Amino acid sequence: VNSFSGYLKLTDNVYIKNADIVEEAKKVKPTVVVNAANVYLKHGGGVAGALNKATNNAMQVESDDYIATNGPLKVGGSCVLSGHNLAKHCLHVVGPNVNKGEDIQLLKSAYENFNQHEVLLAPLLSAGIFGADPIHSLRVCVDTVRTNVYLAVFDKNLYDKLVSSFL
Ligand SMILES: O[C@H]1CC[C@@](O)(CNc2ncnc3[nH]ccc23)CC1
Ligand SMILES: [Cl-]
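Method information in the entry identifies X-ray crystallography as the source of the structure, with 1.0200 Å recorded as the resolution.

Here we come to the nonpolar core. Counting residues in hydrophobic clusters, the biggest one holds 26 residues, and the most contacted among them are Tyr111, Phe114 and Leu151. Mapped onto this core, the elements with two or more residues apiece are strand 2 (14–18), strand 3 (32–36), strand 5 (89–93), helix 4 (106–112), strand 6 (119–122), helix 5 (134–144), strand 7 (148–153) and helix 6 (156–164). Broken down by element, this core gets its largest block of residues, four residues, from helix 5. By size, the runner-up hydrophobic cluster in this structure holds 17 residues, among which are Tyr15, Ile21, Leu121 and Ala152.

Turning next to the site of ligand 1. Close to ligand 1 lie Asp20, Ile21, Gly46, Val47, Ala50, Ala127, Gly128, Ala152, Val153, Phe154 and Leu158, which account for all nearby residues. A distance of 3.3 Å separates a nitrogen atom of ligand 1 from a polar atom in the side chain of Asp20. Within the backbone of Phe154, a nitrogen or oxygen atom sits 3.4 Å from an oxygen atom of ligand 1. Coverage of ligand 1 by the protein amounts to 81% of the 430 Å² it exposes when considered alone. For the shell around ligand 1, the elements supplying multiple residues, two or more each, are helix 2 (46–54) and strand 7. With three residues, the single largest contributor to the shell around ligand 1 is helix 2. A breakdown of the residues in the shell around ligand 1 according to their chemical character gives eight nonpolar, two polar and one charged.

Let us now look at the packing of aromatic side chains. In this structure the tally under the stated criterion is five aromatic pairs. Judged by centre distance (5.1 Å) and plane angle (90°), the ring pair of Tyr7 and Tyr150 falls under edge-to-face. Pair noted here: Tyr7 is in the segment before strand 1 (8–9) and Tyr150 is in strand 7, with a separation of 143 residues, a long-range link. Its relative accessible area of 7% is what places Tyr150 among the buried residues. With a centroid separation of 5.1 Å and an interplanar angle of 70°, the aromatic rings of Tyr111 and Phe114 are classed as edge-to-face. For the residue pair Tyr111 and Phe114, the accessibility class agrees, reading buried in each case. An aromatic cluster is defined as three or more aromatic residues linked by ring pairs; in this entry it consists of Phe4, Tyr7, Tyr15 and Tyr150.

Cut-off values and rules
- Residues numbered from 1 in each chain as written, not as in the entry; some residues may be left out.
- Chains lettered and ligands numbered in written order.
- Heavy atoms only, no water.
- Core = buried A, V, L, I, M, F, W, Y, C linked by side-chain atoms within 4.5 Å.
- Buried < 20%, exposed > 50% of the residue type's maximum accessible area, 1.4 Å probe, protein only.
- Helix = DSSP H or I, 4+ residues; strand = E, 2+ residues; numbered from the N terminus.
- Near = heavy atom within 4 Å.
- Polar contact = N/O pair within 3.5 Å; in protein donor to acceptor, adjacent residues only side chain to side chain.
- Areas by Shrake-Rupley, 256 points an atom, 1.4 Å probe, with all protein chains shown as cover.
- Nonpolar A, V, L, I, M, F, W, Y, C, P; charged D, E, K, R; others polar.
- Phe/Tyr/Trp six-rings, centres within 6.5 Å; stacked < 30°, edge-to-face > 60°.

In structure tokens, the structure reads:
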């Protein structure tokens with residue numbers, strides 16, 4: 001039993017809700033919140049910009065030190081950093097950005113990072129400003145993640161389409 005509330009159950013391990021991931025994280029304080037990161041951990045917009053804003057830019061400050069030490073992530077890769085005031089940890093995961101021409105096949109690799117954590121609050125990877133089809137992202141999530149994932153979908157119209165089209 002966990003404290004996630006109001007989710008629709010899609011499969012044994014995948015759950016979905018129309019919610020602002022920032023507000024969900026503040027309420028639940030999950031062990032892991034997933035960020036829709038880029039390889040430079042520049043949290044300018046989308047989910048990343050919103051999460052970082054909610055940390056009063058502390059996420060960005062920590063991220064800049066991480067990059068200065070380690071260099072950029074790989075597309076499809078991840079790193080674990082602090083969750084600041086939102087969660088114990090933030091798993092920064094880089095899905096492919098279609099608006100940069102990146103290979104959508106890397107979306108499966110990106111979701112594999114979730115399997116290193118027993119329970120996560122997450123957005124749909126490569127959705128929104130990353131330009132992928134969110135219906136496809138949900139399919140890859142369900143077919144790749146085996147740990148317990150609670151998906152927050154900001155857009156109510158999109159949430160309803162994801163549910164009604166889910167096979
Ligand atoms: O087009 C849709 C695709 C999924 C998404 O859910 C991605 N972006 C977010 N997902 C959850 N919480 C959030 N807060 C700010 C941004 C944000 C919405 C756009
Ligand atoms: Cl977005």
